[PDB]
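**Student:** Sharing structure-v2.csv below, CSV, C-alpha atoms:
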chain,number,residue,atom,x,y,z
A,1,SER,CA,0.0,0.0,0.0
A,2,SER,CA,0.9,3.6,-0.5
A,3,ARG,CA,-1.0,5.1,2.4
A,4,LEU,CA,0.6,7.2,5.1
A,5,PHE,CA,1.2,4.4,7.6
A,6,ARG,CA,2.4,0.9,6.9
A,7,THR,CA,1.4,-0.5,10.2
A,8,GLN,CA,-1.4,-3.1,10.2
A,9,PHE,CA,-2.9,-5.3,12.9
A,10,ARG,CA,-4.6,-8.7,12.9
A,11,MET,CA,-6.6,-10.4,15.7
A,12,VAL,CA,-5.6,-14.1,15.8
A,13,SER,CA,-8.0,-16.7,17.2
A,14,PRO,CA,-6.5,-18.5,20.2
A,15,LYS,CA,-7.0,-21.9,18.5
A,16,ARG,CA,-4.2,-21.2,16.0
A,17,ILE,CA,-1.4,-21.4,18.6
A,18,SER,CA,-0.2,-25.0,19.1
A,19,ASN,CA,2.8,-27.2,18.7
A,20,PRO,CA,4.1,-27.9,15.2
A,21,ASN,CA,2.5,-31.1,13.6
A,22,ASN,CA,0.9,-31.8,17.0
A,23,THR,CA,4.0,-33.1,18.7
A,24,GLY,CA,4.2,-33.7,22.4
A,25,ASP,CA,4.6,-30.9,24.9
A,26,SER,CA,8.1,-30.2,26.0
A,27,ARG,CA,9.8,-28.3,28.9
A,28,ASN,CA,10.5,-25.2,26.7
A,29,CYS,CA,7.6,-25.3,24.2
A,30,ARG,CA,4.2,-25.8,25.8
A,31,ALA,CA,1.0,-25.4,23.8
A,32,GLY,CA,2.7,-23.5,21.0
A,33,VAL,CA,4.5,-20.9,23.2
A,34,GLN,CA,8.2,-21.4,23.3
A,35,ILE,CA,9.8,-20.5,26.7
A,36,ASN,CA,13.4,-19.9,27.4
A,37,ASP,CA,15.2,-20.8,30.7
A,38,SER,CA,13.4,-18.0,32.5
A,39,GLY,CA,9.6,-17.5,32.3
A,40,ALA,CA,9.8,-15.2,29.3
A,41,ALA,CA,8.1,-16.2,26.0
A,42,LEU,CA,10.2,-16.0,22.9
A,43,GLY,CA,8.0,-16.8,19.9
A,44,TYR,CA,4.7,-18.4,18.9
A,45,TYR,CA,3.6,-21.0,16.4
A,46,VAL,CA,0.8,-19.6,14.3
A,47,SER,CA,-0.9,-22.3,12.3
A,48,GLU,CA,-2.8,-22.1,9.0
A,49,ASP,CA,-6.6,-22.6,8.9
A,50,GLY,CA,-8.2,-24.0,5.7
A,51,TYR,CA,-12.0,-24.0,5.9
A,52,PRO,CA,-12.5,-26.9,3.4
A,53,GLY,CA,-9.6,-28.6,5.1
A,54,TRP,CA,-10.0,-31.2,7.8
B,1,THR,CA,-6.0,-54.6,46.7
B,2,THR,CA,-5.2,-51.1,45.5
B,3,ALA,CA,-2.1,-49.7,43.8
B,4,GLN,CA,-0.1,-46.6,42.7
B,5,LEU,CA,1.9,-46.0,39.6
B,6,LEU,CA,5.0,-44.1,40.8
B,7,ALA,CA,7.0,-44.3,37.5
B,8,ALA,CA,6.7,-45.7,34.0
B,9,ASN,CA,9.8,-45.6,31.8
B,10,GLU,CA,10.2,-45.9,28.0
B,11,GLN,CA,12.5,-48.1,26.0
B,12,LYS,CA,14.3,-46.8,22.9
B,13,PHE,CA,17.4,-47.5,20.8
B,14,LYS,CA,20.4,-45.3,19.9
B,15,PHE,CA,19.0,-43.6,16.8
B,16,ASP,CA,20.8,-40.6,15.3
B,17,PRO,CA,20.8,-39.5,11.6
B,18,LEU,CA,24.4,-38.5,11.3
B,19,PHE,CA,24.9,-39.6,7.7
B,20,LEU,CA,21.8,-37.7,6.6
B,21,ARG,CA,22.8,-34.6,8.6
B,22,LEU,CA,26.4,-34.2,7.6
B,23,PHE,CA,26.4,-35.1,3.9
B,24,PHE,CA,22.8,-34.5,2.8
B,25,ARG,CA,21.5,-30.9,3.1
B,26,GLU,CA,19.6,-28.4,1.0
B,27,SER,CA,16.6,-30.5,0.1
B,28,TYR,CA,14.9,-30.0,-3.2
B,29,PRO,CA,11.2,-30.7,-3.6
B,30,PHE,CA,10.2,-31.3,-7.2
B,31,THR,CA,6.8,-31.6,-9.0
B,32,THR,CA,8.2,-33.8,-11.8
B,33,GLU,CA,7.9,-37.4,-12.8
B,34,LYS,CA,11.7,-38.0,-13.1
B,35,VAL,CA,14.9,-36.0,-12.4
B,36,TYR,CA,18.2,-35.7,-14.2
B,37,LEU,CA,21.8,-35.8,-13.0
B,38,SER,CA,24.6,-34.9,-15.5
B,39,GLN,CA,28.3,-35.5,-15.4
B,40,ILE,CA,30.9,-34.1,-17.8
B,41,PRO,CA,34.2,-36.1,-18.3
B,42,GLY,CA,36.6,-33.2,-18.1
B,43,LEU,CA,39.6,-35.3,-19.4
B,44,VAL,CA,42.0,-33.6,-21.8
B,45,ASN,CA,44.7,-35.4,-23.6
B,46,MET,CA,48.2,-33.9,-23.6
B,47,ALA,CA,49.1,-32.3,-27.0
B,48,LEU,CA,51.1,-34.6,-29.1
B,49,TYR,CA,54.0,-33.1,-31.0
B,50,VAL,CA,53.1,-32.1,-34.5
B,51,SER,CA,55.4,-31.0,-37.3
B,52,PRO,CA,54.8,-27.5,-38.8
B,53,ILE,CA,53.8,-29.2,-42.0
B,54,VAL,CA,51.1,-31.9,-41.5
B,55,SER,CA,48.6,-29.7,-39.6
B,56,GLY,CA,45.8,-32.2,-38.8
B,57,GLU,CA,44.1,-34.5,-36.3
B,58,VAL,CA,41.2,-32.3,-35.0
B,59,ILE,CA,40.2,-33.3,-31.4
B,60,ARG,CA,36.6,-34.0,-30.5
B,61,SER,CA,34.9,-31.6,-28.1
B,62,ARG,CA,34.1,-33.3,-24.8
B,63,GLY,CA,30.5,-34.3,-24.0
B,64,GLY,CA,28.9,-35.6,-20.9
B,65,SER,CA,26.1,-38.0,-20.0
B,66,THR,CA,22.8,-38.1,-18.1
B,67,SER,CA,21.0,-40.4,-15.7
B,68,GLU,CA,17.3,-40.8,-15.1
B,69,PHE,CA,15.8,-41.5,-11.6
B,70,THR,CA,12.4,-41.9,-10.0
B,71,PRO,CA,11.3,-41.7,-6.4
B,72,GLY,CA,9.7,-44.4,-4.3
B,73,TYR,CA,6.6,-44.2,-2.0
B,74,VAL,CA,6.1,-45.0,1.6
B,75,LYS,CA,2.9,-44.9,3.7
B,76,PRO,CA,2.6,-46.4,7.2
B,77,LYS,CA,-0.8,-46.3,8.9
B,78,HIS,CA,-2.3,-46.9,12.4
B,79,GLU,CA,-5.7,-47.4,13.9
B,80,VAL,CA,-7.8,-46.9,17.0
B,81,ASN,CA,-11.2,-48.4,18.0
B,82,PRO,CA,-13.4,-48.0,21.1
B,83,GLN,CA,-12.9,-51.7,22.0
B,84,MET,CA,-9.4,-51.1,23.3
B,85,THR,CA,-10.0,-47.7,24.8
B,86,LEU,CA,-12.1,-48.9,27.7
B,87,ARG,CA,-9.8,-51.2,29.7
B,88,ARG,CA,-6.8,-49.1,30.9
B,89,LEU,CA,-3.4,-47.8,29.9
B,90,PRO,CA,0.0,-49.2,31.1
B,91,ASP,CA,1.2,-45.7,32.0
B,92,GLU,CA,-1.8,-44.6,34.0
B,93,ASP,CA,-2.2,-45.0,37.8
B,94,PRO,CA,-5.1,-47.0,39.2
B,95,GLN,CA,-6.0,-44.0,41.4
B,96,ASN,CA,-7.5,-40.9,39.7
B,97,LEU,CA,-7.6,-42.5,36.2
B,98,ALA,CA,-8.7,-40.8,33.0
B,99,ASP,CA,-11.7,-40.6,30.9
B,100,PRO,CA,-12.7,-43.1,28.2
B,101,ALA,CA,-12.2,-40.2,25.7
B,102,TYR,CA,-8.9,-38.9,27.0
B,103,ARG,CA,-7.3,-42.3,26.4
B,104,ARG,CA,-8.2,-41.7,22.8
B,105,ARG,CA,-5.7,-38.8,22.6
B,106,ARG,CA,-2.8,-40.8,24.0
B,107,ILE,CA,-3.0,-43.7,21.5
B,108,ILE,CA,-3.2,-41.1,18.7
B,109,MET,CA,0.0,-39.4,19.8
B,110,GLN,CA,1.8,-42.7,20.2
B,111,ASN,CA,0.7,-43.7,16.7
B,112,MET,CA,1.8,-40.4,15.1
B,113,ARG,CA,5.2,-40.6,16.8
B,114,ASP,CA,5.7,-44.2,15.6
B,115,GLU,CA,4.8,-43.1,12.0
B,116,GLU,CA,7.3,-40.3,12.1
B,117,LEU,CA,10.0,-42.5,13.5
B,118,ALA,CA,9.4,-45.1,10.8
B,119,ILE,CA,9.7,-42.5,8.1
B,120,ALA,CA,12.9,-41.2,9.6
B,121,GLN,CA,14.4,-44.7,9.7
B,122,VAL,CA,13.5,-45.2,6.0
B,123,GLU,CA,15.2,-41.9,5.1
B,124,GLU,CA,18.3,-42.8,7.1
B,125,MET,CA,18.6,-46.2,5.5
B,126,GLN,CA,18.3,-44.7,2.0
B,127,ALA,CA,20.9,-42.1,2.9
B,128,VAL,CA,23.4,-44.6,4.3
B,129,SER,CA,23.1,-47.3,1.7
B,130,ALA,CA,24.1,-44.9,-1.0
B,131,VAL,CA,27.3,-43.8,0.8
B,132,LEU,CA,28.7,-47.3,1.4
B,133,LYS,CA,28.2,-48.5,-2.2
B,134,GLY,CA,27.3,-46.4,-5.2
B,135,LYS,CA,23.8,-47.9,-5.8
B,136,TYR,CA,20.9,-49.0,-3.6
B,137,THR,CA,17.8,-50.9,-4.6
B,138,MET,CA,14.3,-49.9,-3.4
B,139,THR,CA,11.9,-52.8,-3.0
B,140,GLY,CA,9.1,-54.3,-0.9
B,141,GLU,CA,6.3,-56.9,-1.0
B,142,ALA,CA,3.6,-54.7,-2.6
B,143,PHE,CA,6.0,-52.2,-4.3
B,144,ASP,CA,7.4,-53.0,-7.8
B,145,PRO,CA,11.1,-52.9,-7.4
B,146,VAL,CA,13.1,-49.9,-8.7
B,147,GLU,CA,16.8,-49.4,-8.4
B,148,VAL,CA,18.7,-46.1,-8.1
B,149,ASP,CA,22.2,-46.4,-9.5
B,150,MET,CA,24.6,-43.5,-9.4
B,151,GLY,CA,27.7,-44.1,-11.5
B,152,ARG,CA,30.6,-44.9,-9.1
B,153,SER,CA,34.0,-46.1,-10.4
B,154,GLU,CA,35.1,-49.6,-9.7
B,155,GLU,CA,38.4,-48.3,-8.2
B,156,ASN,CA,36.4,-47.1,-5.2
B,157,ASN,CA,34.7,-49.5,-2.8
B,158,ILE,CA,38.1,-50.9,-1.9
B,159,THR,CA,37.6,-54.3,-0.2
B,160,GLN,CA,40.6,-55.9,1.4
B,161,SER,CA,41.7,-59.4,0.4
B,162,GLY,CA,44.1,-62.2,1.3
B,163,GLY,CA,46.8,-59.5,0.9
B,164,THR,CA,46.7,-56.1,2.7
B,165,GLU,CA,44.3,-56.8,5.6
B,166,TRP,CA,44.8,-55.1,9.0
B,167,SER,CA,43.6,-58.1,11.0
B,168,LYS,CA,46.2,-60.6,9.8
B,169,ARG,CA,49.4,-58.5,9.9
B,170,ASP,CA,51.0,-57.6,13.3
B,171,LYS,CA,50.1,-54.6,15.4
B,172,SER,CA,53.8,-53.7,16.0
B,173,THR,CA,56.0,-52.4,13.2
B,174,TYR,CA,53.0,-51.6,11.1
B,175,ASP,CA,51.6,-48.3,10.2
B,176,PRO,CA,48.2,-47.8,8.7
B,177,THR,CA,48.9,-44.3,7.7
B,178,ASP,CA,50.5,-45.6,4.7
B,179,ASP,CA,47.3,-47.3,3.8
B,180,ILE,CA,44.9,-44.5,4.6
B,181,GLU,CA,46.9,-42.5,2.0
B,182,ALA,CA,46.8,-45.0,-0.8
B,183,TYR,CA,43.1,-45.6,-0.2
B,184,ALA,CA,42.4,-41.8,-0.3
B,185,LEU,CA,44.4,-41.4,-3.5
B,186,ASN,CA,41.4,-42.8,-5.4
B,187,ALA,CA,39.0,-40.1,-4.2
B,188,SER,CA,38.2,-37.2,-6.5
B,189,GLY,CA,38.5,-34.1,-4.4
B,190,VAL,CA,39.8,-33.3,-0.9
B,191,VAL,CA,38.8,-35.6,1.9
B,192,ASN,CA,38.1,-34.1,5.4
B,193,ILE,CA,36.3,-36.7,7.6
B,194,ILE,CA,36.4,-40.4,8.3
B,195,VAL,CA,33.5,-42.6,9.6
B,196,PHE,CA,34.3,-45.7,11.6
B,197,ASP,CA,32.1,-48.5,12.6
B,198,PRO,CA,33.0,-49.2,16.3
B,199,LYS,CA,34.8,-52.5,15.7
B,200,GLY,CA,36.8,-50.8,12.9
B,201,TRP,CA,37.8,-48.1,15.3
B,202,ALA,CA,38.8,-50.6,17.9
B,203,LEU,CA,40.9,-52.5,15.3
B,204,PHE,CA,42.5,-49.3,14.1
B,205,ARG,CA,43.6,-47.8,17.4
B,206,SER,CA,45.4,-51.0,18.4
B,207,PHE,CA,48.4,-50.2,16.2
B,208,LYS,CA,51.5,-49.2,18.1
B,209,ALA,CA,52.6,-46.6,15.5
B,210,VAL,CA,49.3,-44.7,15.9
B,211,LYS,CA,49.9,-44.5,19.7
B,212,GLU,CA,53.4,-43.2,18.8
B,213,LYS,CA,51.9,-40.5,16.6
B,214,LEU,CA,50.0,-38.9,19.6
B,215,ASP,CA,52.8,-38.2,22.1
B,216,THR,CA,55.5,-37.1,19.7
B,217,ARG,CA,56.6,-33.5,20.4
B,218,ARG,CA,56.9,-32.3,16.7
B,219,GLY,CA,56.2,-35.4,14.6
B,220,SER,CA,52.5,-34.4,14.1
B,221,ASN,CA,49.8,-32.1,15.4
B,222,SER,CA,47.0,-34.7,15.9
B,223,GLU,CA,45.1,-35.1,19.2
B,224,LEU,CA,42.8,-38.0,19.8
B,225,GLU,CA,41.1,-39.9,22.7
B,226,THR,CA,42.2,-43.5,23.0
B,227,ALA,CA,40.3,-43.7,26.3
B,228,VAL,CA,36.6,-44.2,26.5
B,229,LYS,CA,34.5,-41.1,25.7
B,230,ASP,CA,31.0,-42.1,24.7
B,231,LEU,CA,29.4,-45.3,25.8
B,232,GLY,CA,25.7,-44.9,25.1
B,233,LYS,CA,25.4,-42.3,22.4
B,234,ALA,CA,25.1,-43.2,18.7
B,235,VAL,CA,27.8,-40.8,17.5
B,236,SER,CA,31.1,-39.9,19.2
B,237,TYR,CA,33.0,-37.0,17.7
B,238,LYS,CA,36.6,-38.0,18.6
B,239,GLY,CA,39.7,-35.9,17.9
B,240,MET,CA,41.3,-35.0,14.6
B,241,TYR,CA,44.1,-37.1,13.1
B,242,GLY,CA,46.5,-34.7,11.5
B,243,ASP,CA,44.1,-32.8,9.3
B,244,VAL,CA,41.1,-35.1,9.0
B,245,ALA,CA,38.3,-35.5,11.6
B,246,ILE,CA,37.5,-38.9,13.0
B,247,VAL,CA,34.0,-40.0,13.8
B,248,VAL,CA,32.6,-43.3,15.2
B,249,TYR,CA,29.0,-44.0,14.2
B,250,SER,CA,26.9,-46.8,15.7
B,251,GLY,CA,23.3,-46.4,14.8
B,252,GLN,CA,20.4,-48.8,15.1
B,253,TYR,CA,17.5,-49.6,12.8
B,254,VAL,CA,15.0,-52.4,13.3
B,255,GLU,CA,13.8,-54.6,10.5
B,256,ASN,CA,11.4,-57.2,11.8
B,257,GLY,CA,11.5,-57.5,15.6
B,258,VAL,CA,15.3,-57.5,15.8
B,259,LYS,CA,17.7,-54.6,16.0
B,260,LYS,CA,20.4,-54.0,13.4
B,261,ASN,CA,23.4,-51.8,13.0
B,262,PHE,CA,23.7,-49.3,10.1
B,263,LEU,CA,27.4,-49.6,9.3
B,264,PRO,CA,28.1,-53.2,8.5
B,265,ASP,CA,30.6,-54.6,11.0
B,266,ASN,CA,33.8,-52.5,10.9
B,267,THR,CA,33.7,-50.7,7.6
B,268,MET,CA,35.6,-47.4,7.2
B,269,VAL,CA,34.3,-44.6,4.9
B,270,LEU,CA,36.4,-41.6,3.7
B,271,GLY,CA,34.7,-38.5,2.6
B,272,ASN,CA,34.4,-34.7,2.6
B,273,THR,CA,32.4,-32.9,5.3
B,274,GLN,CA,31.2,-30.5,2.5
B,275,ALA,CA,30.3,-33.3,0.1
B,276,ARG,CA,27.5,-32.3,-2.3
B,277,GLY,CA,24.4,-34.3,-1.5
B,278,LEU,CA,20.8,-34.0,-2.6
B,279,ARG,CA,17.6,-34.6,-0.6
B,280,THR,CA,14.8,-34.9,-3.2
B,281,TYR,CA,11.1,-35.5,-2.3
B,282,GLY,CA,8.7,-36.9,-4.9
B,283,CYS,CA,5.1,-36.1,-5.5
B,284,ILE,CA,2.5,-37.4,-3.0
B,285,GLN,CA,-0.4,-39.2,-4.7
B,286,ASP,CA,-3.6,-38.7,-2.7
B,287,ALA,CA,-6.7,-37.2,-4.5
B,288,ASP,CA,-7.6,-35.7,-1.2
B,289,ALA,CA,-4.1,-34.2,-0.9
B,290,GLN,CA,-4.1,-32.6,-4.3
B,291,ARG,CA,-7.1,-30.7,-3.3
B,292,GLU,CA,-5.4,-28.4,-0.9
B,293,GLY,CA,-2.5,-27.6,-3.2
B,294,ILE,CA,0.0,-29.7,-1.4
B,295,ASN,CA,2.3,-31.6,-3.8
B,296,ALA,CA,5.9,-32.6,-3.7
B,297,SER,CA,5.9,-32.1,0.0
B,298,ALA,CA,7.2,-34.1,2.9
B,299,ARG,CA,5.1,-36.0,5.5
B,300,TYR,CA,1.5,-35.3,4.5
B,301,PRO,CA,-0.7,-36.5,7.4
B,302,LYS,CA,-4.4,-37.5,7.3
B,303,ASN,CA,-7.1,-39.4,9.1
B,304,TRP,CA,-10.6,-40.6,8.5
B,305,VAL,CA,-13.5,-42.7,10.0
B,306,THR,CA,-14.6,-45.9,8.3
B,307,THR,CA,-18.2,-46.0,9.8
B,308,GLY,CA,-17.8,-49.8,10.1
B,309,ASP,CA,-19.5,-51.9,12.6
B,310,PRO,CA,-16.7,-51.7,15.2
B,311,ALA,CA,-16.0,-48.1,14.0
B,312,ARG,CA,-12.2,-47.3,13.8
B,313,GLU,CA,-10.4,-43.9,13.2
B,314,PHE,CA,-7.2,-44.5,11.3
B,315,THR,CA,-4.1,-42.3,11.0
B,316,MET,CA,-1.5,-42.0,8.2
B,317,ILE,CA,1.8,-40.4,7.0
B,318,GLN,CA,3.2,-40.5,3.5
B,319,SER,CA,6.4,-39.1,2.2
B,320,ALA,CA,7.7,-40.5,-1.1
B,321,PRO,CA,11.4,-39.9,-0.3
B,322,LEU,CA,14.5,-40.1,-2.5
B,323,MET,CA,18.2,-39.7,-1.7
B,324,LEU,CA,20.7,-38.7,-4.4
B,325,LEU,CA,24.5,-38.0,-4.6
B,326,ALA,CA,25.5,-35.5,-7.2
B,327,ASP,CA,29.1,-36.7,-7.1
B,328,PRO,CA,29.2,-40.5,-6.5
B,329,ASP,CA,32.9,-41.3,-6.6
B,330,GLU,CA,33.9,-38.5,-4.2
B,331,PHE,CA,33.7,-40.9,-1.3
B,332,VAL,CA,35.9,-43.9,-0.7
B,333,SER,CA,34.5,-47.0,1.1
B,334,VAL,CA,36.9,-49.5,2.7
B,335,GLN,CA,35.9,-53.0,3.8
B,336,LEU,CA,38.8,-53.1,6.4
B,337,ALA,CA,38.8,-56.8,7.3
Rewrite the structure of this file - the entire thing - as structure tokens.
**Tutor:**
Amino acid sequence: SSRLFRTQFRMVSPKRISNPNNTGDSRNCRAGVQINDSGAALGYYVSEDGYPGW
Amino acid sequence: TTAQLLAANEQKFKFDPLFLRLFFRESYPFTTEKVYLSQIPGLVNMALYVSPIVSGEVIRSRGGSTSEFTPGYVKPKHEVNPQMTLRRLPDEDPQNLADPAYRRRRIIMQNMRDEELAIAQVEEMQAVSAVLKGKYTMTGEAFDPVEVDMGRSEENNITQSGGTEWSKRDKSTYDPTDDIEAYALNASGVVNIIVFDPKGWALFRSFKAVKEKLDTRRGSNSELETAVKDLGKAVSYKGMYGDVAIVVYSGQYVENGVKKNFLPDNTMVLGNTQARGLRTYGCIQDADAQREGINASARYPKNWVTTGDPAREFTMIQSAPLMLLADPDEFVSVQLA
């Protein structure tokens, strides 16, 4: 876009945050939120939703 | 009589895809029936002396050759039915317990993990079988057999014979460095790493000259570990030997109920840590897969319900993997018997 501001937002449904390929939960990556040695959260695993898809 | 489940272990084998990791990187997915690999001879005769009169004998321009390959197909599947969900699980305590529907999301996870592990084992076996010998054959009971054959020179795959075998000749006054040089002379390109089956490593380090090459002040720069370093792990990155790196690989794959080792009983493999290797994935063939758009991808999962009399909700993974080596004669395989 050639508007004044290039910032855009997107509200993500909570169901799209989960482990890759439905692997088991780990010590550092629980329910799609990867956690370092401390309690901080580093990055999230946003899935892809296909409405005709199962 | 009551009970409590305090602990419940899991049993596995030493599985680690070293050969896939080191030598096979930069995967290429391809939406094509068959792929090509081309080699150009690059061999120029020295110019024969010609009088300034005759002025002839044109020399042909060099031309290469091509090879055609096709990928296989692999699909393991699992199942789960309400008949086996009711009773109990071997990793659940008699107290508390879980619901007859939560036990349905443990068997599913176990199944998916087993499918992924089987696919990984297939990929590792395909990767290893190409390194040891130039060609490997892909076959099964329902799959029509196809063979992938990279062109590897006969000078490689050096197998020891009645003469020049390390086992027979004495461990004092013999140096194997002479041999590791003559064997490496056949390789095309610099070699940088050696892979030892554990018995081969045990046979190699027994030589007294090798133990001399460690504690010499200026005779070399190699540092090794002739003590015990790794006892349970599948790979053990030991020290360098002059310039080359030494690795001992002992991996396990199971065909039928038994366990088997990947490297066959004390082989030694030369090679380069930057060897050009290809990881190609074929086209998955499911008419429900081709709907999404997914094609020439790795590990397409799916599941469905059969609506049969005892029900059942299956689970499935399918990959269609292929392993290729762009330069086949760059490695050197030694029987070392």
**Student:** Within 8 Å of chain B, which residues of chain A are there when counting all atoms listed in the file? Please give them as a CSV table (one decimal) with C-alpha atoms, keeping the file's coordinate frame.
**Tutor:**
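Done, and the output landed in iface-v6.csv:
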chain,number,residue,atom,x,y,z
A,23,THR,CA,4.0,-33.1,18.7
A,24,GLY,CA,4.2,-33.7,22.4
A,53,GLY,CA,-9.6,-28.6,5.1
**Student:** Record the distance separating CA of residue 167 (chain B) and CA of residue 211 (chain B), expressed in Å with one decimal.
**Tutor:**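 Separating CA of residue 167 (chain B) from CA of residue 211 (chain B) is a distance of 17.3 Å.
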**Student:** Near region 5-16 of chain B, within 6 Å and counting only C-alpha atoms, which residues show up once chain neighbours fewer than 4 positions away are dropped, as a list in words?
**Tutor:**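 The filter keeps residues 91, 93, 234, 251 and 252 of chain B.
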**Student:** Counting all atoms listed in the file, figure out which residue out of B:278, B:74, B:294, B:128 gets nearest to residue 320 (chain B).
**Tutor:**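 Residue with the minimum atom-to-atom distance to residue 320 (chain B): B:74.
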**Student:** Could you tell me how far CA of residue 108 (chain B) sits from CA of residue 317 (chain B), in Å to one decimal place?
**Tutor:**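 Computed distance, CA of residue 317 (chain B) to CA of residue 108 (chain B), equals 12.7 Å.
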**Student:** For CA of residue 37 (chain B) and CA of residue 20 (chain B), quote the distance in Å rounded to one decimal.
**Tutor:**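 CA of residue 20 (chain B) lies 19.7 Å from CA of residue 37 (chain B).
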**Student:** Name the residues, using the chain letters and numbers of the file, that sit within 6 Å of (37.5, -50.7, -0.5) when counting all atoms listed in the file, and give them as an NGL selection string.
**Tutor:** :B and (157-159 or 333-335)
**Student:** Atoms to include: C-alpha atoms. Write the selected residues as a compact mmCIF listing (two decimals), in the frame of the given file.
**Tutor:**
# COMPACT_ATOMS: atom_id res chain seq x y z
CA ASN B 157 34.70 -49.50 -2.80
CA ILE B 158 38.10 -50.90 -1.90
CA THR B 159 37.60 -54.30 -0.20
CA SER B 333 34.50 -47.00 1.10
CA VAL B 334 36.90 -49.50 2.70
CA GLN B 335 35.90 -53.00 3.80
**Student:** Looking at only C-alpha atoms, which of B:29, B:163, B:195, B:47 is the one that sits closest to residue 272 (chain B)?
**Tutor:** B:195
**Student:** If we count all atoms listed in the file and set the cut-off at 12 Å, which residues sit around region 36-43 of chain A, ignoring sequence neighbours fewer than 5 positions away in its own chain? Please answer as a list in words.
**Tutor:** residues 17, 18, 19, 26, 27, 28, 29, 30 and 31 of chain A
**Student:** Point out the residue among B:18, B:80, B:127, B:190 with the least atom-to-atom distance to residue 233 (chain B), counting all atoms listed in the file.
**Tutor:**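 Under the stated criterion, the closest residue is B:18.
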